[PDB]
Amino acid sequence: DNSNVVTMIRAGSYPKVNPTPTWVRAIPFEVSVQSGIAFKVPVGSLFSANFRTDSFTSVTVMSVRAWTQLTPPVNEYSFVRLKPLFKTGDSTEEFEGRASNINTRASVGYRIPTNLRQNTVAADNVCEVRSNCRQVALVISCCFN
Amino acid sequence: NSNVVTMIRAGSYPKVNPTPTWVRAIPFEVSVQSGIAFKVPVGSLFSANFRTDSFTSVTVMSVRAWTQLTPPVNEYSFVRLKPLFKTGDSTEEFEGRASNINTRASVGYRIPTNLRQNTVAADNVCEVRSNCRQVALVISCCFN
Amino acid sequence: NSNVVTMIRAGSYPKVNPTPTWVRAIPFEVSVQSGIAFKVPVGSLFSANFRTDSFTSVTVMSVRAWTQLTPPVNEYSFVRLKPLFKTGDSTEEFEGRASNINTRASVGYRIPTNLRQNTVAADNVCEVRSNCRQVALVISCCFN
Amino acid sequence: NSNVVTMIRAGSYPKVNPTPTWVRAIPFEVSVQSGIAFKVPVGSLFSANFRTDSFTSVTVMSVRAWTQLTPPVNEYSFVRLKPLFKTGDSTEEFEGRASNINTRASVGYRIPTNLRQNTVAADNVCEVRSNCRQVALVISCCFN
Amino acid sequence: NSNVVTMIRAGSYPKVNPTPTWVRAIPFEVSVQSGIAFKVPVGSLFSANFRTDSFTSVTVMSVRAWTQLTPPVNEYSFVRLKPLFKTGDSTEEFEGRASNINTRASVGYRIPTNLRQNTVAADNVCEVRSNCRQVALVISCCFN
Amino acid sequence: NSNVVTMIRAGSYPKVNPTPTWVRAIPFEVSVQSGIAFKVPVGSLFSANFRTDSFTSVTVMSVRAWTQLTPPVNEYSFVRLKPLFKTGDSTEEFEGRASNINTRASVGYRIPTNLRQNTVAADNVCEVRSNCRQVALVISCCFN
Amino acid sequence: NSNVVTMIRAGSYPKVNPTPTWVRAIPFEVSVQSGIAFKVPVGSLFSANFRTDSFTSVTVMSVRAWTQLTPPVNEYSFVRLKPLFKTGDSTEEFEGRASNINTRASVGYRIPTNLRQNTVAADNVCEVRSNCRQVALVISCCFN
RNA sequence: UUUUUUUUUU
RNA sequence: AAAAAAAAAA
RNA sequence: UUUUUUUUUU
RNA sequence: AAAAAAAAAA
RNA sequence: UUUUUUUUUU
RNA sequence: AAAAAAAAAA
RNA sequence: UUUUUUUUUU
RNA sequence: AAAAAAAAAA
RNA sequence: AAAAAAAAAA
RNA sequence: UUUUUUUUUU
RNA sequence: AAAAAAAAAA
RNA sequence: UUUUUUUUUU
RNA sequence: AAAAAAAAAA
RNA sequence: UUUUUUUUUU
Ligand SMILES: [Cl-]
Ligand SMILES: [Cl-]
Ligand SMILES: [Cl-]
Ligand SMILES: [Cl-]
Ligand SMILES: [Cl-]
Ligand SMILES: [Mg+2]
Ligand SMILES: [Mg+2]
Ligand SMILES: [Mg+2]
């Protein structure tokens, strides 16, 4: 700093305030996945004391990134796929990443365009995950509000 | 700009942190008695009402205070703040007064970098004095 | 400039629209109860009082509110707004307070582009809370 | 850009008008008889079909006219407009004719600033003449 | 340039996507009845005739329409488009009219970024009105 | 930018095409045996799995291949590509090998402009050889 | 910057002074009677409440006064200051008045350098008059 | 960014 | 102000 | 290449 | 307009 | 280093 | 002063 | 690209 | 950063 | 932004 | 001559 | 002298 | 003259 | 010399 | 934007 002591603040009128502000975050959590089966990721996973977010009931997802979290079947390279879901209409895209070393995580993500950045609630789902690994690690960039 | 979803060519798993810090300005009110100093508890800053009930510590940067109820008859509002610190309390009484009886009095103080350590629930931030029965505080702090 | 009517060399019949959109700033009041939130209905925006009874949808852009009646004795006015959305309600409580007991408290919020969709009469714009029994709203919107 | 709601630091209650003015180009049709002049009523401009039924006055700025049905056999379409004014009618007959028997005739006139006052429902805008049994009008006007 | 096959020094397996999105202008015709509005189904956009039967959603960006058959005797063609939205229908009636009885009438409208969300087969895009029995549509959209 | 629908002043009906071409990178896997070349069928590129079942021809531009499973014990992965053409098969064997037993081998070839003609389902793109039982291909092609 | 204690290569013993001077702005209140002048004693400035009780002399530089209680019914606040000096009292009456009944009246005077000598407890600074029962003074001075 | 060895121009 | 040792940064 | 700690030279 | 905290991009 | 959110300073 | 919606002009 | 009306930002 | 194949402009 | 008092540095 | 603390002027 | 198709560099 | 959505280079 | 109305020209 | 007729201003 520069000053070593407390100093006076010449405050004025009472300002605009908000005890319950929004928060831009990158939320990491894991999901279980079955062979050949798509898992619908619930938005509700994003509201939790583990993320300091149990006071929010809505969130605007901006991007989803996914990594395989456990090793793949014998002889195989990891893969993970993401299909975006939207209350106005689900996508059929299957964004996919594959490992090129059997010992390394597969990764992929997608970005949601501005015109599709609306709120989701716990009962909603973000996307479908497919993998040859039994767990997938997600990092979701979103705006809690 | 984009109208549909686009692929992100992600790389390796990044460094992550589910429980990050948060820079905040927290507004709450305290009751104040005539001629008596109210010690503002830090525990008042951890609350679901602030989305902060997951924190147990906080680094306070500055405190601002405004009178919240009308003053006694014939008087102009005033408010004073005395900084408190675990390593030693101050004796400064930063004070503001209203120049119109219908208007809030206000004052604040900034904590220097060398004195910005953490406080926990059982600690007190500062003492508030006023001729008004309530004071509104806006505390700028770093939750961690 | 010309003082008489003058010929217009018109061409082909142009594109027309008898019922166009309309960007508006709509002022209306709501009643508020002590300690209770009031859900502001979007239907209040369609009315011959605003020249908008022909519309059935509206895209809200921003919401501003002021206290409309005096506050309780010894108090300063306050007003809070909580945005509501059909895709998910928010939990922000944007708040303004008066610093003079004789003056209105005010505050507003802007809706981001990505949240500007249509609402109809049965939908609600936001929740209002105040220590005053009436609040005056000015809503910037696009009737379509 | 912003993806979330944001606070507006509103101030004093602003100047407001629930019933503003509106500049428009209104499209409507009139029936016209052979060799007879039809007086276009200003009242055709106040209608829920144009979202204007809350207005009772209007300042007309210009008038454009198009034939709306096919002309008699062997003929090219024509349309004439004579401006009418409450302070004294004009004797101009602005006219356009088609050069292709299958194409609309069209003509228009602009009102000068010094003659742009209000008209009410009982007033008339202009006289229309044509060899076609309907004429389509687009009137640029200021509803107030 | 090259006349033979040449080696490509490939690296690691890339990010892939077997079922990507597609920006398209889809031409199809609807049948229209005199004096009755026809609701255009989004389902008409998903067909093997457009290479699009693998999609179940689409983001519509703009809609253009042309009359597809001759108008009634005496008349010039016209077409009207009223936008429909799941969050709230509009009341605009964008209209174009022919100025030669032998020529198509045309008109269209653009959807703003804030109203560009997905629609499925059970949804409707817009209403169509016309004095012609068929209307040709060209819809700009993003299949996803 | 605009927040509401706007009129488009459409003109004459445009050139249209409901079934346009499509430049693609198609990922699919083929099974490979030890010491044997596998002829890659062009028909694998036409599939609802790729949104391409409406196509019956395709112009291949380049072929890239990766081993898709682990190699035999003690060995590093390798994959070879021999281009095939209806006017005459090549005898090149473009080859990649892994330098880490745990990593994919990769290689590809580019087709020159003079050899970029259409292929149909019964045609074959190339021969694939490898010491791994599966090979992942990404073929750059133009569906038409 | 450094994070650890560092050595100071001290030199000879410096000049020291355990009881230095202090430039201050001292705030205190005095009681005032109707139509009677109150002599502000200099002794009020040497108080443990100001950290100044070790001083027995002070050099006054400027005096400012605000009314501290509300005025009589129907009146606006006023306050007057008459400077007093040991070598000769002044007859000036610097005066301020409120222009809002709810607001303080304020005024001050500056002492010129030629009249900036020391004063002790038994000396008086100035005479205060006001229609309010209390006046709040802020005195800029140099304790020595 | 260009040298040597199989084929086309300056 | 430069250099050497430990550390941090780029 | 800058800064911090120890050292040194100036 | 700059800086700090979270995020995104480069 | 630019933007978005929270904060702060101006 | 720029921008968005309606209009008018170019 | 300028202006008029409604809105917004400054 | 120059370049293509399909869409909203100039 | 300068100056006066206490302090620190040069 | 720069900064920190109190003050003052702007 | 600009240019390709295969190899030793930047 | 170039922005968004399917594929190749920098 | 500019502007408004009618006309002609570009 | 020039010129011609009527008008006006200068
Ligand atoms: Cl009052
Ligand atoms: Cl209330
Ligand atoms: Cl014909
Ligand atoms: Cl398909
Ligand atoms: Cl006196
Ligand atoms: Mg007061
Ligand atoms: Mg009020
Ligand atoms: Mg007074």
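In the text below, chain A, chain B and the rest are named by the order of the sequence lines, each starting its count at 1. All values below come from the heavy atoms of this structure, side chains included, with hydrogens, waters and symmetry mates left out.
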Exercise. How about A:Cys142 and A:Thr60: do any of their side-chain heavy atoms sit closer than 4.5 Å?
Worked result: no

Residues passing the side chain to side chain donor-acceptor pair (under 3.5 Å) test with A:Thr92, sequence neighbours excluded, are F:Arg51

Between the protein and nucleotides 6-10 of chain S, are there any N/O to N/O pairs under 3.5 Å, and if so, what are the atom names and distances?
{"from": "S:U6", "atom 1": "OP1", "to": "E:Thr21", "atom 2": "OG1", "distance (Å)": "3.0"}
{"from": "S:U6", "atom 1": "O5'", "to": "E:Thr21", "atom 2": "O", "distance (Å)": "3.3"}
{"from": "S:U6", "atom 1": "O5'", "to": "E:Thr21", "atom 2": "OG1", "distance (Å)": "3.0"}
{"from": "S:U6", "atom 1": "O4'", "to": "E:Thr21", "atom 2": "O", "distance (Å)": "2.9"}
{"from": "S:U6", "atom 1": "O2'", "to": "F:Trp22", "atom 2": "NE1", "distance (Å)": "2.4"}
{"from": "S:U6", "atom 1": "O2'", "to": "F:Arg24", "atom 2": "NE", "distance (Å)": "3.3"}
{"from": "S:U6", "atom 1": "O2", "to": "F:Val23", "atom 2": "O", "distance (Å)": "2.9"}
{"from": "S:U7", "atom 1": "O4'", "to": "F:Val23", "atom 2": "O", "distance (Å)": "3.2"}
{"from": "S:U7", "atom 1": "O2'", "to": "F:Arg24", "atom 2": "O", "distance (Å)": "3.1"}
{"from": "S:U7", "atom 1": "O2'", "to": "F:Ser140", "atom 2": "OG", "distance (Å)": "3.1"}
{"from": "S:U8", "atom 1": "OP1", "to": "F:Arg64", "atom 2": "NH2", "distance (Å)": "3.0"}

Pull out every protein N or O sitting under 3.5 Å from an N or O of nucleotides 6-10 of chain I, one pair per line with the distance.
none

ring-ring contact (aromatic ring centres under 6.0 Å, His included) filter on E:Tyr109, not counting sequence neighbours, yields E:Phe94

query: With distance as the sole criterion, is a donor-acceptor pair present between the side chains of A:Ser91 and E:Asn144 under 3.5 Å?
result: yes

For RNA chain I, the expected dot-bracket line (Watson-Crick or G-U under 3.5 Å, [ ] crossing, | inter-strand) is .||||||||.

Residues passing the salt bridge (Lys or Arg N to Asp or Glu O under 4.0 Å) test with G:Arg24, sequence neighbours excluded, are none

Review point. Tell me, do B:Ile8 and A:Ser63 make a side-chain contact under 4.5 Å, heavy atoms counted?
Key: yes

Review point. Can O:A9 and O:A10 be counted as stacked under the 5.5 Å centre and 30° plane limits?
Key: no

Are H:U1 and H:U2 stacked bases, their six-membered ring centres under 5.5 Å apart and their planes under 30 degrees apart? no

*Is there a donor-acceptor pair under 3.5 Å between the side chain of A:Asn115 and the backbone N or O of B:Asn3?*
yes

Note to self: Using modelled atom types and a 3.5 Å cut-off, is there a donor and acceptor pairing between side-chain atoms of F:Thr52 and backbone atoms of F:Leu45?
What the structure shows: yes

**Prompt:** So, do H:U3 and H:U4 stack if we ask for centres under 5.5 Å and planes under 30°?
**Reply:** no

**Asked** Looking only at atom P, what distance separates I:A1 and P:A10, rounded to whole Å?
**Response** 12 Å

>> Taking O:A8 as the reference, what is the distance to M:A6 when you measure between their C1' atoms (whole Å, please)?
In response: 23 Å

**OP:** For B:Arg110 and B:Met61, indicate whether the former's side chain and the latter's backbone hold a donor-acceptor pair under 3.5 Å.
**Re:** no

Q. Under a 4.5 Å cut-off applied to non-hydrogen side-chain atoms, are G:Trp22 and G:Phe55 in contact?
A. yes

| query | With a 4.0 Å cut-off on heavy atoms, is G:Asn144 in touch with a base, just the backbone sugar-phosphate, or nothing at all? | reply | nothing

Main-chain N/O of E:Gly108 paired with C:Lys15 side-chain donor or acceptor, under 3.5 Å: no

